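The structure appears right after this line, and notes come after that.
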Amino acid sequence: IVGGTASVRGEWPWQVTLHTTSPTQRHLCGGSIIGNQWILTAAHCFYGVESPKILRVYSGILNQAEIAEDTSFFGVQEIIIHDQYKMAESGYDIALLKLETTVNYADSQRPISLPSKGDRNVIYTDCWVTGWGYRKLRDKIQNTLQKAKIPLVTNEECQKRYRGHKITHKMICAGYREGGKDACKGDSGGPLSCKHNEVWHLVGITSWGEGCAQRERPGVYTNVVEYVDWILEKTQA
Numbered sequence: 370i371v372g373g374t375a376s377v378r379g380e381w382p383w384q385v386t387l388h389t390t391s392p393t394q395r396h397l398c399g400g401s402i403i404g405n406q407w408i409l410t411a412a413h414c415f416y417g418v419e420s421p422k423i424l425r426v427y428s429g430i431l432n433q434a435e436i437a438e439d440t441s442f443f444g445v446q447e448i449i450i451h452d453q454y455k456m457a458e459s460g461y462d463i464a465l466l467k468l469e470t471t472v473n474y475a476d477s478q479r480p481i482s483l484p485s486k487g488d489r490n491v492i493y494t495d496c497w498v499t500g501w502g503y504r505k506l507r508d509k510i511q512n513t514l515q516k517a518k519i520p521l522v523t524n525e526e527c528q529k530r531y532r533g534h535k536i537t538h539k540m541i542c543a544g545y546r547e548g549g550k551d552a553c554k555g556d557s558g559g560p561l562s563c564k565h566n567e568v569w570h571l572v573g574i575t576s577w578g579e580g581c582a583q584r585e586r587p588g589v590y591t592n593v594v595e596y597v598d599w600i601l602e603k604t605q606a
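For any residue, its number in mature numbering (1 follows the signal peptide of the UniProt record, and there is no 0) is found by taking its place in the sequence shown, counting from 1, and adding 369.
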């Protein structure tokens, strides 16, 4: 997260840190709890991952320092990537992680509500982007969860900032015309929380961008609402 600040513990209870144990344990991507056994994240976050066995999901985390060999975690039973996904920049950058065990909700860890179709016209009040990603180009996973308030930009506006790319309606961007605040490497898979009527909503999933926080280069996120049907179909046994 660029241009952000340290989050308060439990402030973003749906945020999880997805780790990989190979070769050695490290943070890989961010993710969002959306069900007792389901994490919503980015598909491009599993590039080079042949097995869910090397994945570990940690919930209720503020500082990576909290994560040690004796720290409890959720094992991943299955990785579900959207069948139309090819690459972040082309869209469909969405994936479901089915945990091996259920999450016991608490103030430190709870699910975020998915947006409803009857909310695409809703002017999201305030949207916050969060993660342990890079604070700048060529940095390193940050210890304390960072947060940053970032306004959404129209698709038409985003397209202007990404000639050469096709910003579809299944994407949504956010950022300042002047840059300064944005997601960055490591925040991928993270949630783009928006406060709809004192109620949080998982509006987007951190996906991609040209550099980080550069001027006239908004962050691009998966437009979650365009996948509520997909999510329902994939989560029903």
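Backbone N, C-alpha and C define an ideal beta-carbon position, used for all residues, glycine too.
Close-in-space but distant-in-sequence residues of the same chain around residue i (CB under 6 angstroms, 5 per side omitted)
{"i": "residue 549", "result": "372, 582"}
{"i": "residue 562", "result": "497, 569"}
{"i": "residue 375", "result": "513"}
Short Cβ contact (7 angstroms threshold) for residue i with residue j
{"i": "residue 530", "j": "residue 382", "result": "no"}
{"i": "residue 457", "j": "residue 599", "result": "no"}
{"i": "residue 483", "j": "residue 589", "result": "no"}
{"i": "residue 476", "j": "residue 379", "result": "yes"}
{"i": "residue 528", "j": "residue 536", "result": "yes"}
{"i": "residue 466", "j": "residue 493", "result": "no"}
Close-in-space but distant-in-sequence residues of the same chain around residue i (CB under 7 angstroms, 5 per side omitted)
{"i": "residue 442", "result": "425, 426, 427"}
{"i": "residue 555", "result": "396, 500, 501, 502, 503, 510"}
{"i": "residue 421", "result": "445, 446, 447, 448"}
{"i": "residue 594", "result": "484, 486, 488, 489"}
Limits of the alpha helix (DSSP H) - the one that residue i falls within
{"i": "residue 604", "result": "597–604"}
Contact set for residue i: own chain, Cβ-Cβ below 8 angstroms, skip 5 residues either direction
{"i": "residue 423", "result": "389, 390, 391"}
Element boundaries [beta strand (DSSP E), containing residue i]
{"i": "residue 573", "result": "568–577"}
{"i": "residue 592", "result": "588–592"}
{"i": "residue 563", "result": "560–565"}
(Q) Give the list of continuous alpha helix (DSSP H) stretches no shorter than 4 residues that lie fully inside the region 380–468. (A) The region 380–468 contains no whole alpha helix (DSSP H) run of 4 or more residues.
**Q.** Cβ pair count under 8 angstroms reaching 3, the region 504–515 against the region 563–571
**A.** Taking a contact to require three or more Cβ pairs closer than 8 angstroms, the region 504–515 and the region 563–571 do not qualify as touching.
Q) Quick one: complete alpha helix (DSSP H) runs, 4+ long, within the region 489–545? A) If only uninterrupted alpha helix (DSSP H) runs of at least 4 residues are considered, those enclosed by the region 489–545 are 524–530.
Q. When the Cβ atoms of the region 445–465 are set against those of the region 406–415, are three or more pairs found closer than 8 angstroms?
A. The region 445–465 makes contact with the region 406–415: 3 or more CB pairs, one atom from each, lie closer than 8 angstroms.
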